[PDB]
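Data block below; observations after.
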Amino acid sequence: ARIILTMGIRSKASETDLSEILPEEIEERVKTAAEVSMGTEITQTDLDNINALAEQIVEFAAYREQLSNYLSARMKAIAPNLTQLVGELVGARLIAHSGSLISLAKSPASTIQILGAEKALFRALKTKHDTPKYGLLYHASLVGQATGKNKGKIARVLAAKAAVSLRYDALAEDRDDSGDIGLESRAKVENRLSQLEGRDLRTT
Amino acid sequence: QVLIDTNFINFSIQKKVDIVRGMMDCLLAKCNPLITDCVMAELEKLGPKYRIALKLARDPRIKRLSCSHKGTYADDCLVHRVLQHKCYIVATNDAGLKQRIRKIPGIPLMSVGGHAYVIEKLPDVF
Amino acid sequence: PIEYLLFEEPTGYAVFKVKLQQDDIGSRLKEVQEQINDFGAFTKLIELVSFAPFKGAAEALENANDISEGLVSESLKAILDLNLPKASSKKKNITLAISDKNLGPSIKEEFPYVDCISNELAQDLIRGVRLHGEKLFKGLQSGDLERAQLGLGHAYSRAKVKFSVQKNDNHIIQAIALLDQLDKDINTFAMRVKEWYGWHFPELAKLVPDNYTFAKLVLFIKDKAXXXXXXXXXXXXXXXXXXXXXXXXXXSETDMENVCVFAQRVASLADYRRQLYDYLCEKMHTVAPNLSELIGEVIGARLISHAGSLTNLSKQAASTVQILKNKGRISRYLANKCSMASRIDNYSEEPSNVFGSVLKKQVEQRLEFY
Amino acid sequence: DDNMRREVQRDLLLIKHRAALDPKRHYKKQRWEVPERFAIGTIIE
Amino acid sequence: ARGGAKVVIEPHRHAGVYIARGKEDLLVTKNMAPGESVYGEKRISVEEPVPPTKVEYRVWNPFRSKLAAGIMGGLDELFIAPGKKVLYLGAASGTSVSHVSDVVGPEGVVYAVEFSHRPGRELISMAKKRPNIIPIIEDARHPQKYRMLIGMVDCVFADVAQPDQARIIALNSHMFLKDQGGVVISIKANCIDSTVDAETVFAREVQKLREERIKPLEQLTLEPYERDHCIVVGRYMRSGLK
Amino acid sequence: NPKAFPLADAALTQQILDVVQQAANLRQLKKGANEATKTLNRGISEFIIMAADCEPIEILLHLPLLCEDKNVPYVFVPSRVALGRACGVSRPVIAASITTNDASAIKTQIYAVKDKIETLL
Amino acid sequence: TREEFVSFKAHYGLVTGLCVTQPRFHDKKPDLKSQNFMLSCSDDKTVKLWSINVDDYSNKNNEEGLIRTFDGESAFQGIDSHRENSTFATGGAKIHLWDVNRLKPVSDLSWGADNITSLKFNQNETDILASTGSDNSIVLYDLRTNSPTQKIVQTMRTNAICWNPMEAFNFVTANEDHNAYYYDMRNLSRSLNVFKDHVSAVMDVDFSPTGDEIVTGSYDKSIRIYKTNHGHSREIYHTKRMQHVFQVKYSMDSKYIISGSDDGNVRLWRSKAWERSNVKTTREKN
RNA sequence: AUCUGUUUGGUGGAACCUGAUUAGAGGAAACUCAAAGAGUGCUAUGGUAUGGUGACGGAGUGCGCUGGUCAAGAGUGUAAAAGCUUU
RNA sequence: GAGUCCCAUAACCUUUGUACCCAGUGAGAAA
RNA sequence: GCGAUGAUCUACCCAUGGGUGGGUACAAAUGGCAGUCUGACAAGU
Ligand SMILES: [Zn+2]
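These protein sequence lines map, in sequence, to chains A, B, C, D, E, F and G.
All residue numbers for the first sequence refer to this note's numbering, where the first residue is 1 and numbers rise by one.
All residue numbers for the second sequence refer to this note's numbering, where the first residue is 1001 and numbers rise by one.
All residue numbers for the third sequence refer to this note's numbering, where the first residue is 2001 and numbers rise by one.
All residue numbers for the fourth sequence refer to this note's numbering, where the first residue is 3001 and numbers rise by one.
All residue numbers for the fifth sequence refer to this note's numbering, where the first residue is 4001 and numbers rise by one.
All residue numbers for the sixth sequence refer to this note's numbering, where the first residue is 5001 and numbers rise by one.
All residue numbers for the seventh sequence refer to this note's numbering, where the first residue is 6001 and numbers rise by one.
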C-alpha cells in the first residue's frame, strides 16, 4: 500500500525512487517489471480509491502499532513481573484464556503450560495417549531460543517461574513495579537454558 | 472406399473386367477404389511379366493414398488400415488375407470369381 | 542462395547471415532435418549480423501490429539500410529470407533490389532460429524473450479486442466486496466503541444511535460537559449536556485516548465508505446504466457480484436471474427486464442511458396495475 | 501422517469396498489399493 | 455429488490431473487461482501445512470439453504436462483452456488462440488471473501474423471445427511446434463433412495428418460423453516418419 | 462490422422460415429468446434463428457468444414479424430455436438448412 | 517438396525431349523469378512452349501454360536449347534451328538426308552443336558458320550425348553397343576413353557439373557412375522397381542423381553413397 | 452372563498344490570407492581459419568491380510516332 | 518422562434477540 | 384497449386483522459437550 502512494502508474514507476520501500534489489526488480507487464492502464478515477485503500491499509497498521503499544503499557501495569519473563503477547493471552488475573494465579504451574492446548490434551487423556507438552506457552520468546527436546524442559521452567511471577503480581498489595522478581526469574531460566545447551547427547 | 491387393488386379486381367466399371456391377453403387503405397510397391516389384497390370493400376480414377511403414509387405499394410478405422472395404483374392479379414467383424471383403466380382460381408447386397 | 535472413522478436529484429546453405534437393531427409535441433550443426548455417531492439514497449505494440498487417515499420525499414549490400534491380538481386509470403512485396516496395524468399527451404532456417532461441543472439538481447512474449501477447490482444479499462466491470465486483466489509466493521468497531465508552458515559449512546455520529462525539467531548458548539451540530444538545451532568459511569486518561484514536478510526472509515459509495454509484452510471435505471446503482451492483461478472447476467435466462402477489408477479416481471437491461449494457460499446428509462416506464404501469 | 488416522482410515476403508454401500450402483471392477499420497477434502459450492 | 460430502483426491496416471475418488468418481485439476470457478463447476478444497494453506481443486466437466472425455475415456500418452508449453486453438472461452492452463502449472505457458472478438474478450479477463494464458486474437488460418508472439511450443491442441482442419494444423505444427512433441487433434465429424459418413472423415483426417509428417499414435472416440467425435494424439516426427 | 452479422439472404430466409413452420407443428421449435437460451444450456439446440429488426439488437446478442462457445450454428433473419407467422405465434417471436429430436420427420430437411448456415460461417 | 507444380496433357503422341530456357521476347520479358519455362518436343510434328507458375519468390501478390506452339513437317525426335538469345534446334528427319519468336524454322541443317535422333548444345563455346544419327553416326555443328563441321561414323548408333560443362571441348556419348565413349572435338580419330561396364545399350549419359564424373543409364535395368579417369564404373545403381532406364541427369549442385525409367517413376539417388545432406561440424568434417 | 458363535479386523501360518528364485533372503549410513546406462544444460561456431615469411605493410596512383541517372545505337512495333526489349 | 497450532486465538449443540420463508414450466389470460 | 421484448402456474383456527407449526441467516450466552499433564531425580569427574 505504501508503494501505491509512491509508485502510481508504470511510467511514474521507473522515475520515482523506492529507497524508503523495499530497496536495493527489489527496487531494481519492480523497475524491471514496470516496463513489461500484462496489466492495463488505470484512470485517475480508478487511482482514487486504490489511492484511498493505500490510506486505509496504512492507517490500520499505524493503529495496530499504537494498539500493541497499549498492551505493553497494560502489561507493565498489571503483571510486570510476568512480562519481564515471557513478553507482552504471551501474557496478554495467558490472562485472556483464564479470564481475570486472580483466576490464573490460583491455577498451578503445570496448568500454565497447557493453558492453550486443551483440545489435544483432553483427547490424550480420555483416550490413553500422550499429553501435549507446550501449550500456549510455546510462542514465548524463550522456548523458541531452545532446540529439540529442550523446548519441553524450558516449558516446565517457564511455567514454574511464570507461576511464581504471577502470584507476586496478582497477590501483592505492594508492587515495586519494576519487574524485580521477574528479572530474577528470567536469570534463573537463562542459567537453566545455557546449562542445557552446553550439555549435548553426542560423543566427543 | 475400397482397398485393392496385388492379387485382385492380377485376376482382374484374366477375367476381363474393368476395375472401376466392373466393381460397380458387383457393388451396384458408386465406389472410389484406392491402391495404397505399399501395394503399388508390390506391383512394381512383380516385375516385367506383370507390367500390363502396373499400367492399369496407375489410372487417375484409381486413387492412391500413402502410408507410413517401413516395408513393402502390403498384406499387413492393409489389415492395419482396416482395424483402426473400419470404413474401408477390402478387395482381395489372397487366400490368407481372406482368413485374416473374415475374423475381423464388419468389414466387407470382396473377391473376383468367374465373370464379375463378389462381396461377402456387406449386409446391403441389394 | 539464401544469403541473409530476418527473424522478428518482441525484443526488436535480427538480421542474420547464412554462412552455408543447406542442400535443397535433400530437404525432407532425416539428416538435414535433424540437424536443426542440434545447435552444433545449426551454427554452421547462421551468424548474427545485427540486432536493433525496440525503443519501448509501446513502440513494440505499434510494430507488432504492423507485421500482422503485412507492412514495413520504421525500424524494419531502418535496419535494412545497414545490413543489406545494395544490389541491382534487374540482375543478381540480394536474397533475404522472410517468414511471411505477405511481407514479401512490402519489402520490395521499399527496397527494390531485395528478393524475398519464403520457401520451405528458407522457413526451415527461421524455424531453426526459434528453437535455439537466445543462444544465437550471444547475449545482445537484454532481458529475455520469455517476459517479452507475455506483455506483447496481451497488448496485441487488447488492441484488437479493443476494450477500455473504463468499460471493465471487476471494479463493480471488488467494490461490492469492499462495501460489505466496511458495513461489517463500522458497526463492529462502534459497538466496541460503546463497550469502551460504557465505562464513561452510558447515556450518550441512547441519545445517539448512528455509528457515524457516535464516533464523532467521542472525538468531541472526552469528558463531562454546557456551552458546547458541535453538540448542537439542538434538541439533543441540551439533552446531552444535562445528561453529561447526570453521569453514572466511572472515569483513566491514556486509556481514553486509546478510545479516542479508536473512535477516530470509525469516523475516518465511514468517511471512506461514503467516498467509496459515490464511486460505485458513478461506475454503475458508467458501466451498466440501463441496469442502473431499473433497480438503482446498489442492487444492480449486487447482481454483477453474484454473477461474478457483467457477462453472466447476459448469458443467464431471465427466469434464472433472481432479485429480492408481487413476488409471483413483479419479481418475475422485473427480472425479465432486469435481464434485458443487462444485455444492452454488455454488448454496446458506449451504452446509452436513454433506453433504461424507456425500459423503466414499462415496469411502472404493471405496478400501476397492482 | 500417522495422526488423524481414524476418521481417515474409516473413510478409505469405505471406498475400497464401495461396491457394497448401495445395491443399485455396481461400479467398475477395480482393486483400489491405498495410494501413497492423497488429500481428503470437501466440495465447495 | 453435493456440497457436504468429503472426497479423496488421488493423482491420476497422467501428471497434473487428479481423481476425486468419492462415492462416485470425478476428474479434477488443481485451481491455480483459488476462490473462483470460471464457468460454475463445483470445486473441491483441501488444506495443506504456519497454519495450513488452502489448495482448491476444480472439477473437469467431460461434457464441456472435448479434451476432457479423452482423459476419461483413456489415452496412453497425453502430451500436455505440468512443465510443458502448449499451444491451444479455438479456445472460445475458458470452457477448456482454463483447464489446460491449470494442468501445465505455473511453470509452462498456454497460448490461447481464437478469432472472434466477443468470446475473445472473455478470454482476456480470465487470462489476467491465470498468468499462463496469453491469449491471441488473430485468426488461426494465418500463423504468420502472430509469429512474433509465440515461440517453440511443445504440443498444439486443436479444437477448431473449420473443415480445413488439416491445413490449419500443418501451418501451426511446422512453424511453431517443437519437433517430436505431440499433436492432439480433436476431429468433429459433422463440421468437416456432412455428406460422407462419420468414420470416413476419421480415416480421411488421419491420412491428411500423415501427409504433414505427423505419425498419429492413438485414436479415441469419446462416444458416451459427446456424440461422434475423435481426438487423435499425434507426434510430429518431421524426420524419420516411417 | 455490423452487429447483426451474419444476416441471411432472401432465398435463405424462405428456406429457414419454412423449416421453422414444420418444426412448430412437430413441437421441436422453442419460442422466445429466454426459452432459446435454455436449450443452449441443455445442449440440445440444432441452430438458432434470430430477428434483426427487434429493438434493440443487443437484447438477444448474447446468443452468438453462447452458441460459438458450444459450436451451435446461428443466423439472423430480417423480420421479427415474418418469423412470427413462421412460428405460429400471434406476437412476433424475436428469437427461436430448433431442438435436437431424433424422431424427426424433418430431420433430412433441417440438415439441409443447417448445412447452408455453416456455409455462412 | 517432391510434388508437382502443374501437370500438363501436352501431346497426343509421345514426348521425345524436354528442354528449359526462359525466352527473351522482342516485345517484353518473361520473368525469370516468378515463372519458369518448359519446352517440349513431340511425335505429332509439334513443339510447344509451356509457362509454369512457380512458388519460389514471394515478391509478387495469368498465363499458366502454353504460350505458343511450333508446328513442323516431320516427326520430331529430340530437343535442346541454346543459352544465348532464345535459340533451340530440334531433332527430326531434318534438324532445323528455331527462333522463339518465329513459327517457322530459321535454318535447316543436315550433313546428309538422314534422320537425326538426339541433340545437345555445349555449355561453353555455345555456338557449337552436336547432332546424332540413327545411321550410326555423329555430326557436330557450328552455328557461327551456320554449317555442319565434321562427321564420325561409329559401329552402332548413338542414343544420346552430353558435353562437359567444365572443359567444354570434350563430349561423352552413349552408344547402342554396350559401351560408352568419350571424345575430343578436335580429334575424332581417337576416343579419349571407352567405358566397357554395361551389358546392354546405354540410353543416356550426363556429365557432372564437377567435370570429374559421368553418370549413365542403360537398357539394362541399372545405372553406372564412373570418373573420367578410370574407364570403369566405380558404382552401380539398381533397384527391382526400375526397368530399362531411358533418361538420367546429374544434379546441378553435383550431388544427387536423377533417373528416369520405363516403369514411370522418377527415382533420384545420391552420387557418393556416403555424402549426406547434413552440414557437419569441424570435428566430423576433418 | 459359569449366554451362546458366527461375521470383521489383527496375529499366526501346517498338509497338498501352482508360480518364480538360488554361493539363503533382508536392512542402515555418505563430502566414501568403482564399473554402466538414460535425459538435460553449456556458444557447442576454420566449408577450407588469421590483412603481412622485407618474398612486407601503410599512403597516393592507374586499371577492374558495383549502383542509379543521361545519351546514342540495335531489336520489336506501328503508315509513321507513341509505347517496348536490350550481357 | 510427556502429540500445540489439525485452529479451546475454536468447533458443534441448545437458549434468547433480529430479519425472513412453506429454482423452474412455456402459451394463454380478459370477456 | 393484452401477451414469446413471456400470458399462466409452484399448515391450523379466528369475520380484508392475528396467534400457534417449522425452516434459513445474523448476533448474544458466566448455556451444554468441558474434565485443566506427571512429581524427584538429572547432569558432570
Ligand atoms: Zn503401407
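Using N, Cα and C, we set each Cβ at its ideal position, and we do this for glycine too.
Straight-line gap, E/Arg4043 to E/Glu4056 (C-alpha atoms, nearest Å): Within the fifth sequence, numbered from 1, the residue matching residue 4043 of chain E stands at position 43. Within the fifth sequence, numbered from 1, the residue matching residue 4056 of chain E stands at position 56. Distance between the alpha carbons of E/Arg4043 and E/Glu4056 is about 7 Å.
Looking at chain G, is there any beta carbon in it that lies within less than 8 Å of the beta carbon of B/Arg1061? Here the question's residue 1061 of chain B lines up with position 61 in the second sequence. So, not an interface residue.
To test your reading of the DSSP string, which unbroken beta strand (DSSP E) runs of 3 or more residues are found completely within the stretch 5014-5043 of chain F? 5029-5031
Give a yes or no on whether the minimum CB-CB distance between B/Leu1065 and chain E is below 8 Å. Here residue 1065 of chain B is taken as the residue at index 65 of the second sequence, counted from 1. Chain E contact via Cβ: present.
Less than 8 Å between CB atoms is the rule here; does F/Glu5046 satisfy it with respect to chain E? Position 46 of the sixth sequence, counting from 1, holds the residue named residue 5046 of chain F. Taking Cβ atoms only, chain E never reaches closer than 8 Å to F/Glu5046, which makes this a no.
Against G/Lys6033, what residues of chain C qualify as contacts under a CB-to-CB distance less than 9 Å, listed in chain order? Counting from 1 along the seventh sequence, the entry for residue 6033 of chain G is found at position 33. Here the neighbours are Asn2093 and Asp2115.
Given that a residue counts as buried once 16 or more other Cβ atoms are within 10 Å of its Cβ, and exposed if not, what is G/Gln6150? The residue labelled residue 6150 of chain G in the question sits at position 150 within the seventh sequence. By the 10 Å Cβ count, G/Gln6150 comes out exposed.
If you measure beta-carbon to beta-carbon, which residues of the stretch 6056-6072 of chain G are closer than 8 Å to chain C? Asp6056, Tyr6057, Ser6058, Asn6059, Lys6060 and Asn6061
With 8 Å as the threshold, decide whether the Cβ of D/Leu3012 is near any Cβ in chain E. Within the fourth sequence, residue 3012 of chain D is the residue found at index 12, counting from 1. D/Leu3012 counts as touching chain E.
Identify which residue in G/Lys6120, G/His6198 and G/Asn6085 has its Cα closest to the Cα of G/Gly6017. Position 17 of the seventh sequence, counted from the start, is the residue given in the question as residue 6017 of chain G. The shortest C-alpha separation from G/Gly6017 is found at G/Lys6120.
How is A/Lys128 classed by DSSP in three states: helix, strand or coil? Sequence index remark: in the first sequence, residue 128 of chain A carries index 128 (1-based). In this structure, A/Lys128 counts as coil in the three-state DSSP scheme.
Note down the Cα distance separating E/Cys4230 from C/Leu2179, rounded to an integer number of angstroms. Start at 1 with the first residue of the fifth sequence, and residue 4230 of chain E comes out as number 230. Start at 1 with the first residue of the third sequence, and residue 2179 of chain C comes out as number 179. The straight-line gap from Cα to Cα measures roughly 49 Å.
Considering only residues of the stretch 1029-1061 of chain B, which uninterrupted beta strand (DSSP E) runs meet the minimum length of 3 residues and lie entirely inside it, listed in chain order? 1034-1036
Would DSSP call residue 2372 of chain C helix, strand or coil? Because chain C is modelled from 2001 through 2370, residue 2372 of chain C falls outside the range shown and cannot be assessed.
What residue from C/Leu2029, C/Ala2159, C/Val2208 and C/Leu2310 has the CA that sits closest to C/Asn2168's CA? One-based indexing of the third sequence puts residue 2168 of chain C at position 168. Residue C/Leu2310 is the option with its Cα nearest to C/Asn2168.
Does the Cβ of E/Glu4138 have 16 or more other Cβ atoms within 10 Å, making it buried, or fewer, making it exposed? For the purposes of this step, residue 4138 of chain E is taken as the residue at position 138 of the fifth sequence. Answer is buried; the Cβ neighbour count reaches 16.
Check whether chain B comes within 8 Å of E/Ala4170, counting only Cβ atoms and requiring the distance to be less than that. As a working mapping, residue 4170 of chain E is identified with position 170 in the fifth sequence. Judged by the 8 Å Cβ criterion, E/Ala4170 is not in contact with chain B.
Does the CB of E/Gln4207 have a neighbour CB from chain C at under 8 Å? The count along the fifth sequence starts at 1 and reaches residue 4207 of chain E at position 207. Answer no: the Cβ-Cβ gap between E/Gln4207 and chain C never drops below 8 Å.
Contact defined as beta carbons within less than 8 Å: I believe D/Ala3039 pairs with E/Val4050. What is the distance between those atoms, to the nearest angstrom? By one-based count along the fourth sequence, residue 3039 of chain D stands at place 39. By one-based count along the fifth sequence, residue 4050 of chain E stands at place 50. Wrong, their Cβ atoms sit about 17 Å apart, outside the cutoff.
So B/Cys1087 contacts chain E; which residues on that side make the cut at Cβ distance below 8 Å? Locating residue 1087 of chain B in the second sequence gives position 87, counting from the first residue. Ordered by position in chain E, the residues that pass the 8 Å Cβ test against B/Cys1087 are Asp4197, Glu4199, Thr4200, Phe4202 and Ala4203.
For G/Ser6074 versus G/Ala6093, is the C-beta spacing smaller than 8 Å? In the seventh sequence, residue 6074 of chain G corresponds to position 74, counting from 1. In the seventh sequence, residue 6093 of chain G corresponds to position 93, counting from 1. Against a cut-off of 8 Å, the Cβ pair of G/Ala6093 and G/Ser6074 comes out as a contact.
Please confirm whether any heavy atom of ligand 3 lies closer than 7 Å to the CB of A/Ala34. This structure does not include ligand 3; its bound ligands are ligand 1.
Under the rule that 16 or more other beta-carbon atoms within 10 Å means buried, what is G/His6082, buried or exposed? Here residue 6082 of chain G corresponds to residue number 82 of the seventh sequence, with the count starting at 1. Buried: at least 16 other Cβ atoms inside 10 Å.
I want to know whether the stretch 4169-4177 of chain E touches the stretch 2187-2197 of chain C - three or more CB-CB distances under 8 Å. no
Distance between E/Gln4180 and E/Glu4077 (C-alpha atoms, nearest Å): For the purposes of this step, residue 4077 of chain E is taken as residue 77 along the fifth sequence, with counting starting at 1. For the purposes of this step, residue 4180 of chain E is taken as residue 180 along the fifth sequence, with counting starting at 1. Those two C-alpha atoms are separated by around 13 Å.
Selection of the stretch 6250-6268 of chain G by Cβ proximity to chain C, strictly under 8 Å: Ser6251, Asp6253, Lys6255, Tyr6256 and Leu6268
Count the other C-beta atoms from every protein chain shown that fall within 10 angstroms of the C-beta of C/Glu2257, then say buried if there are 16 or more, exposed otherwise. In the third sequence, the residue the question calls residue 2257 of chain C occupies position 257. By the 10 Å Cβ count, C/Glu2257 comes out exposed.
Just verifying my parser: in three-state terms, what is the DSSP assignment at G/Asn6175? Indexing the seventh sequence from 1 puts residue 6175 of chain G at position 175. DSSP places G/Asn6175 in strand when its eight states are reduced to three.
Relative to the alpha-carbon of C/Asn2211, which residue among C/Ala2177, C/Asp2066 and C/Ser2268 has its alpha-carbon at the smallest distance? Along the third sequence, one-based indexing puts residue 2211 of chain C at 211. Comparing Cα positions, the closest option is C/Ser2268.
Round the Cβ separation of G/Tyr6219 and G/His6238 to the nearest angstrom and send it over; I've been treating them as touching at under 8 Å. Position 219 of the seventh sequence, counting from 1, holds the residue named residue 6219 of chain G. Position 238 of the seventh sequence, counting from 1, holds the residue named residue 6238 of chain G. Rounded, the Cβ-Cβ distance is 13 Å, inconsistent with contact.
Just the Cα atoms here: how many angstroms apart are A/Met38 and A/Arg10? On the first sequence, position 38 is the one that residue 38 of chain A refers to. On the first sequence, position 10 is the one that residue 10 of chain A refers to. Answer to the nearest angstrom: the Cα atoms are 11 Å apart.
Using 8 Å as the threshold, is the C-beta distance between E/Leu4149 and C/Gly2153 below it? Within the fifth sequence, numbered from 1, the residue matching residue 4149 of chain E stands at position 149. Within the third sequence, numbered from 1, the residue matching residue 2153 of chain C stands at position 153. Yes, Cβ-Cβ distance for E/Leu4149 and C/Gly2153 is below 8 Å.
Just the chain C side, please: which residues come within less than 7 Å of F/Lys5038 by C-beta, in chain order? On the sixth sequence, position 38 is the one that residue 5038 of chain F refers to. Ordered by position in chain C, the residues that pass the 7 Å Cβ test against F/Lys5038 are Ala2317.
Taking CB distances under 8 Å as the criterion, tell me whether F/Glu5068 reaches chain E. Locating residue 5068 of chain F in the sixth sequence gives position 68, where the first residue counts as 1. It does; some Cβ of chain E falls within 8 Å.
Considering only heavy atoms of ligand 1, list every residue whose Cβ is less than 5 Å from one of them, following chain order. B/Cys1038, B/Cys1067, B/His1069 and B/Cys1077
Between C/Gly2104 and C/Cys2116, is the Cβ-Cβ spacing less than 8 Å? The sequence position of residue 2104 of chain C within the third sequence is 104, counting from 1. The sequence position of residue 2116 of chain C within the third sequence is 116, counting from 1. It is a contact, given that the beta carbons lie within the stated cut-off.
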